[PDB]
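Notes for the one structure printed next.
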Amino acid sequence: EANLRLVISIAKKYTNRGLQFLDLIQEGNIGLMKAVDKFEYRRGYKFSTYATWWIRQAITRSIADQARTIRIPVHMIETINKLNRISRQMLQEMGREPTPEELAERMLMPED
DNA sequence: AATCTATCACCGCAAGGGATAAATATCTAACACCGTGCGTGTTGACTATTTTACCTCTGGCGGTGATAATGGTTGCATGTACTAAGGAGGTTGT
């Protein structure tokens with residue numbers, strides 16, 4: 001209850017058309033349960049930082065592989081999104097259309 | 001359903017055109033030979049077909065970070081034309 005607002009200010013970032021303007025807040029409100037259970041204030045650190053790690057990634061996963069058509073081990077989910085993040089160079093440095101042939105040097109790896 | 005005279009014409013019956021098939025002569029193809037070289041055979045040494053064993057790849061997925069970060073986003077459902085229903089509440093009536 002004391003943290004229900006911090007769940008909005010983190011979650012609402014990700015609700016940006018992502019799947020809906022709403023639902024990620026309520027999944028953050030369940031990530032907050034694991035956070036409240038493992039709240040090691042006995043290290044010294046603050047619940048702001050706790051939320052910035054754990055509750056943020058509960059908010060991320062709430063529509064990463066949850067609510068999709070498809071779901072995989074998570075390294076192989078967000079790696080598809082590493083490529084979309086890298087494409088921000090491609091679309092302006094090769095800079096007319098995207099080319100997997102450029103992505104091969106930007107990943108140092110074979111396409112297949 | 002038979003009779004024919006009297007139509008417009010097919011027959012009455014001369015001509016002649018193309019045709020095809022005979023004989024000739026040309027073509028090609030079918031073959032039989034030869035020669036080439038390849039996929040005829042076993043053997044043998046190679047090296048890496050497969051297996052298992054061993055030593056030690058790739059990628060299975062589980063786990064969760066802390067100088068601190070603690071009031072949020074979200075834009076347009078719709079402007080029209082109808083009108084049936086429920087909702088309101090004061091009151092002049094039932």
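Ligands are numbered from 1 in the order shown, residues from 1 within each chain, and chains are lettered A, B, ... in the order they appear in the structure tokens.
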
Interface rows for chain A against chain B: nearest pair, Å to one decimal, 12 Å, only C-alpha atoms (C1' of nucleotides), as a Markdown table:
| residue | atom | partner | partner_atom | distance |
| --- | --- | --- | --- | --- |
| A:1 | CA | B:70 | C1' | 11.7 |
| A:2 | CA | B:70 | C1' | 8.8 |
| A:3 | CA | B:70 | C1' | 6.6 |
| A:4 | CA | B:70 | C1' | 9.0 |
| A:5 | CA | B:71 | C1' | 7.0 |
| A:6 | CA | B:70 | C1' | 5.0 |
| A:7 | CA | B:70 | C1' | 8.7 |
| A:8 | CA | B:72 | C1' | 5.4 |
| A:9 | CA | B:72 | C1' | 5.3 |
| A:10 | CA | B:72 | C1' | 8.8 |
| A:11 | CA | B:72 | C1' | 8.9 |
| A:12 | CA | B:73 | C1' | 6.4 |
| A:13 | CA | B:73 | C1' | 8.7 |
| A:14 | CA | B:73 | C1' | 10.9 |
| A:15 | CA | B:73 | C1' | 8.9 |
| A:16 | CA | B:73 | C1' | 8.9 |
| A:17 | CA | B:74 | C1' | 10.1 |
| A:20 | CA | B:74 | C1' | 10.8 |
| A:21 | CA | B:74 | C1' | 7.5 |
| A:22 | CA | B:73 | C1' | 9.4 |
| A:25 | CA | B:72 | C1' | 10.0 |
| A:34 | CA | B:64 | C1' | 11.0 |
| A:35 | CA | B:64 | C1' | 11.0 |
| A:38 | CA | B:64 | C1' | 11.1 |
| A:39 | CA | B:66 | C1' | 11.2 |
| A:40 | CA | B:66 | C1' | 10.0 |
| A:41 | CA | B:66 | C1' | 10.1 |
| A:42 | CA | B:66 | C1' | 11.7 |
| A:43 | CA | B:66 | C1' | 8.7 |
| A:44 | CA | B:66 | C1' | 8.6 |
| A:45 | CA | B:66 | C1' | 5.6 |
| A:46 | CA | B:66 | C1' | 7.4 |
| A:47 | CA | B:70 | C1' | 7.7 |
| A:48 | CA | B:69 | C1' | 5.7 |
| A:49 | CA | B:66 | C1' | 5.7 |
| A:50 | CA | B:66 | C1' | 6.8 |
| A:51 | CA | B:70 | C1' | 8.9 |
| A:52 | CA | B:69 | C1' | 7.1 |
| A:53 | CA | B:65 | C1' | 6.8 |
| A:54 | CA | B:64 | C1' | 7.7 |
| A:55 | CA | B:64 | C1' | 11.3 |
| A:56 | CA | B:69 | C1' | 11.9 |
| A:57 | CA | B:64 | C1' | 10.0 |
| A:58 | CA | B:64 | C1' | 11.3 |
| A:72 | CA | B:61 | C1' | 10.6 |
| A:73 | CA | B:61 | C1' | 7.0 |
| A:74 | CA | B:61 | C1' | 8.9 |
| A:75 | CA | B:61 | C1' | 9.4 |
| A:76 | CA | B:61 | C1' | 11.1 |

Deliver the residues from the most recent selection as a file, using C-alpha atoms, as a compact mmCIF listing (two decimals), in the first residue's frame.
# COMPACT_ATOMS: atom_id res chain seq x y z
CA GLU A 1 0.00 0.00 0.00
CA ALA A 2 2.84 2.45 0.94
CA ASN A 3 4.43 1.92 -2.57
CA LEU A 4 1.31 1.78 -4.91
CA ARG A 5 2.31 5.19 -6.49
CA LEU A 6 5.97 4.23 -7.30
CA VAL A 7 4.43 1.23 -9.17
CA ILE A 8 2.55 3.72 -11.45
CA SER A 9 5.54 6.05 -12.15
CA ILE A 10 7.75 3.07 -13.21
CA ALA A 11 4.99 1.00 -14.94
CA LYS A 12 3.40 3.88 -16.89
CA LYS A 13 6.75 4.36 -18.79
CA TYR A 14 6.29 0.82 -20.24
CA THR A 15 2.45 1.19 -20.75
CA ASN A 16 3.23 3.56 -23.74
CA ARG A 17 0.98 1.63 -26.26
CA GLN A 20 -2.41 -1.46 -23.11
CA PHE A 21 -2.17 1.86 -21.13
CA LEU A 22 -3.22 -0.03 -17.90
CA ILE A 25 0.71 -1.37 -13.35
CA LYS A 34 8.40 -10.61 -4.08
CA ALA A 35 10.06 -7.24 -3.35
CA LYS A 38 12.82 -10.07 0.20
CA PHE A 39 13.16 -6.38 1.40
CA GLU A 40 16.75 -6.57 2.79
CA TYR A 41 16.81 -3.03 4.38
CA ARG A 42 19.50 -4.86 6.51
CA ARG A 43 22.03 -4.19 3.66
CA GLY A 44 21.33 -0.41 4.04
CA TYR A 45 19.80 0.46 0.61
CA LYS A 46 16.35 1.97 -0.20
CA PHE A 47 13.00 0.69 -1.63
CA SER A 48 13.29 3.20 -4.55
CA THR A 49 16.37 1.22 -5.77
CA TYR A 50 14.61 -2.10 -4.98
CA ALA A 51 11.72 -1.04 -7.30
CA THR A 52 14.16 0.26 -10.00
CA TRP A 53 15.59 -3.31 -10.24
CA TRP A 54 13.02 -6.05 -9.38
CA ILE A 55 9.64 -4.30 -9.81
CA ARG A 56 10.80 -2.71 -13.11
CA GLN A 57 11.63 -6.17 -14.55
CA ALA A 58 8.31 -7.62 -13.27
CA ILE A 72 10.85 -18.61 -25.08
CA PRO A 73 13.70 -18.62 -22.45
CA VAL A 74 14.08 -14.87 -21.82
CA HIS A 75 17.62 -14.23 -23.22
CA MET A 76 16.08 -15.41 -26.57

Problem set entry | Test item: residues at most 12 Å from residue 86 of chain A, only C-alpha atoms (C1' of nucleotides), excluding those fewer than 3 positions along its chain, as a list in words | residues 79, 80, 81, 82, 83, 89, 90, 91, 92, 93, 98, 99, 100, 102, 103, 104, 105, 106 and 107 of chain A

Take the selection from the previous step and output its residues with C-alpha atoms, as a short mmCIF file (atom, residue, chain, number, x, y, z; two decimals), in the first residue's frame.
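For reference, part24.cif as written:
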data_model
loop_
_atom_site.label_atom_id
_atom_site.label_comp_id
_atom_site.auth_asym_id
_atom_site.auth_seq_id
_atom_site.Cartn_x
_atom_site.Cartn_y
_atom_site.Cartn_z
CA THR A 79 17.80 -10.58 -27.85
CA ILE A 80 15.17 -9.98 -30.63
CA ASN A 81 14.87 -6.52 -28.99
CA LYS A 82 18.71 -6.05 -28.80
CA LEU A 83 18.52 -6.19 -32.65
CA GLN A 89 22.31 3.06 -35.96
CA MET A 90 21.54 1.03 -39.14
CA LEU A 91 18.58 3.23 -40.24
CA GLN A 92 20.89 6.35 -40.28
CA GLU A 93 24.53 5.10 -40.75
CA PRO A 98 18.09 -1.71 -43.04
CA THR A 99 20.51 -4.52 -44.16
CA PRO A 100 21.27 -7.76 -42.12
CA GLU A 102 25.52 -4.49 -41.71
CA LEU A 103 24.03 -6.14 -38.56
CA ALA A 104 26.64 -8.95 -39.02
CA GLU A 105 29.52 -6.44 -38.32
CA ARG A 106 27.43 -4.70 -35.56
CA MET A 107 27.07 -8.17 -33.87
#

For this session: Based on DSSP run over this structure's backbone, return all residues of segment 8-75 of chain A in helix (DSSP H, G or I), as a PyMOL selection string.
Result: chain A and resi 8-14+23-37+47-64+75

Problem set entry | Exercise: residue 77 of chain A partners within 8 Å, only C-alpha atoms (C1' of nucleotides), chain neighbours under 5 positions left out, as a PyMOL selection string | chain A and resi 64-65+71-72

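The space separating atom CA of residue 24 of chain A from atom CA of residue 68 of chain A comes to 13.5 Å.
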
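Rounded to one decimal, atom CA of residue 78 of chain A and atom CA of residue 97 of chain A lie 23.0 Å from each other.
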